[PDB]
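Visitor: Need coordinates for the below:
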Amino acid sequence: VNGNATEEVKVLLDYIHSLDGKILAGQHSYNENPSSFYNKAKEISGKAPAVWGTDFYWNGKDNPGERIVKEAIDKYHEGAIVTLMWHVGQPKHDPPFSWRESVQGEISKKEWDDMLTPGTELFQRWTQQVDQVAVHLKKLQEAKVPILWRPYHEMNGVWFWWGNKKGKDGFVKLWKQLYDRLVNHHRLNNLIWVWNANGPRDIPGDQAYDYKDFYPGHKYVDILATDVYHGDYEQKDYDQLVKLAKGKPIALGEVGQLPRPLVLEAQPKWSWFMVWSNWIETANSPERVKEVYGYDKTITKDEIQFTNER
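Guide: Residues are numbered from 1 along each chain as shown. There you are, the coordinates:
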């Protein structure tokens, strides 16, 4: 969607568009030890994941960005595909951001509106929090690393402060404001924009609403993704996301229980999956990890081949 996209983004997006039934194996790690569960997945399966993921979440004393960037460049240099997300507290707060009180804290309609209104204190504070991540994305651009960038994820859920914000002044306006700041202000051209929702559900106190109610338009999204835990690979949910994506790639942005081959045969459009940290052990038997990593359509790091290198 970025006319100024770098060559590594165009190469990676062409590769993802070419998967046509194949799926990249991926693994997320907490940024405190940003490859610890990537390495565990390799120990369990015998193969390194194709996709390496971590998170800019500033939950501890120190800004994690430098540590993340150093390992992302190393993993890219090792041949992995890099994905990054960003748990973050509210503009009204400072890091480290409390999980319960900030990331999942309440936000008023006025505070939300102010964060989307240039000139207010909350908009100014929001720009500063964005810039604390942008500086690291810019270092990754200088290293020529393309990023599967998944900001403000699970936005159809009710649990995050940015969640369940409907209407033209809701989530889609936050997405576009972040897009403008990163692409136009910071001239970040190495990002692939992954709009990463949650599987919908109508559970009291724990709802996640329809995908389309939070989609900012094709102009602002490269890839659509969803998070599927408990093995809940519903065919109808897959059909809903494929319909919204209208030819854009889709992916399993987070999973716990891995998708079995039968699920992947029925749902071939998933372009990657990313297991959430130690769910690689707690939600999957070693046999299941090996079954999925060994499936003929699953691509691990050693198997990535860009068509221009053949």
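
Visitor: Only C-alpha atoms from now on, for both contacts and neighbour counts.
Guide: OK.

Visitor: Just the buried residues of stretch 295-303, please?
Guide: For stretch 295-303, a neighbour-count test (16 or more other Cα atoms under 10 Å) marks 297, 298, 299, 300, 301 as buried.

Visitor: what distance separates the start and the end of that stretch?
Guide: Taking Cα to Cα, to the nearest Å, the first and last residues of stretch 295-303 lie 13 Å apart.

Visitor: Would you map the strands across the protein?
Guide: Taking DSSP state E to define them, one finds strands in the chain at 23-28, 51-55, 81-85, 147-150, 191-198, 223-228, 250-255, 270-276, 298-299.

Visitor: before we move on, the earlier item: so which of the buried residues of stretch 295-303 comes closest to residue 96?
Guide: Ranked by distance to residue 96 (Cα to Cα), the buried residues of stretch 295-303 are led by residue 301 at 33.5 Å.

Visitor: Distance from the chain centre to stretch 94-102, please.
Guide: Taking Cα atoms, centre = their mean, to the nearest Å, the mean C-alpha location of stretch 94-102 is offset from the chain mean by 20 Å.

Visitor: So what touches it?
Guide: By Cα atoms under 8 Å, 6 or more residues apart in numbering, the residues outside stretch 94-102 that reach it are 57-62, 88-90, 93, 103, 105, 161.

Visitor: JSON lines for those, including neighbour count and distance to residue 255?
Guide: Listed next are the contacts of stretch 94-102 as JSON lines, based on neighbours: other Cα atoms under 10 Å; distance: Cα to Cα, whole Å:
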{"residue": "57", "neighbour count": "23", "distance to residue 255": "19"}
{"residue": "58", "neighbour count": "22", "distance to residue 255": "22"}
{"residue": "59", "neighbour count": "19", "distance to residue 255": "22"}
{"residue": "60", "neighbour count": "12", "distance to residue 255": "25"}
{"residue": "61", "neighbour count": "9", "distance to residue 255": "28"}
{"residue": "62", "neighbour count": "10", "distance to residue 255": "28"}
{"residue": "88", "neighbour count": "28", "distance to residue 255": "21"}
{"residue": "89", "neighbour count": "26", "distance to residue 255": "23"}
{"residue": "90", "neighbour count": "26", "distance to residue 255": "26"}
{"residue": "93", "neighbour count": "17", "distance to residue 255": "29"}
{"residue": "103", "neighbour count": "20", "distance to residue 255": "20"}
{"residue": "105", "neighbour count": "15", "distance to residue 255": "24"}
{"residue": "161", "neighbour count": "22", "distance to residue 255": "22"}
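
Visitor: Same list (the buried residues of stretch 295-303) but as JSON lines, adding distance to residue 189.
Guide: Converted to JSON lines, the buried residues of stretch 295-303 look like this (distance: Cα to Cα, whole Å):
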{"residue": "297", "distance to residue 189": "30"}
{"residue": "298", "distance to residue 189": "29"}
{"residue": "299", "distance to residue 189": "26"}
{"residue": "300", "distance to residue 189": "26"}
{"residue": "301", "distance to residue 189": "24"}
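
Visitor: quick revisit: let me have the contacts of stretch 94-102 in CSV, extended by distance to residue 254.
Guide: Shown next, in CSV, are the contacts of stretch 94-102 (distance: Cα to Cα, whole Å):
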residue, distance to residue 254
57, 16
58, 20
59, 20
60, 23
61, 26
62, 26
88, 17
89, 20
90, 23
93, 27
103, 18
105, 22
161, 19
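
Visitor: ok, of those residues, which one's closest to residue 243?
Guide: residue 161 (27.1 Å).

Visitor: Quick one: residues contacting residue 91.
Guide: Contacts for residue 91 (Cα under 8 Å, 6+ apart) come out as 115, 122, 123, 125, 126, 129.

Visitor: Nearest spatial neighbour of it, chain-adjacent residues omitted?
Guide: Once flanking residues are discounted, residue 91 sits nearest to residue 126: 4.9 Å by Cα to Cα, 6 or more residues apart in numbering.

Visitor: Pretty sure that neighbour sits against residue 114.
Guide: No. Assessed by Cα atoms under 8 Å, residue 126 is found out of contact with residue 114, at 9.9 Å.

Visitor: what's residue 65 in contact with, if anything?
Guide: By Cα under 8 Å, 6+ apart, the residues touching residue 65 are 56, 133, 136.

Visitor: any idea how far residue 219 is from it?
Guide: Distance of residue 65 to residue 219, computed by Cα to Cα: 28 Å.

Visitor: got it, and residue 81?
Guide: Distance, residue 81 to residue 219, using Cα to Cα: 24 Å.

Visitor: more neighbours, the two?
Guide: Remark: of residue 81 and residue 219, residue 81 carries more neighbours, 23 against 9, as counted by other Cα atoms under 10 Å.

Visitor: bridging residues for that one?
Guide: Here residue 81 sits in beta bridges with residue 51, going by DSSP bridges.
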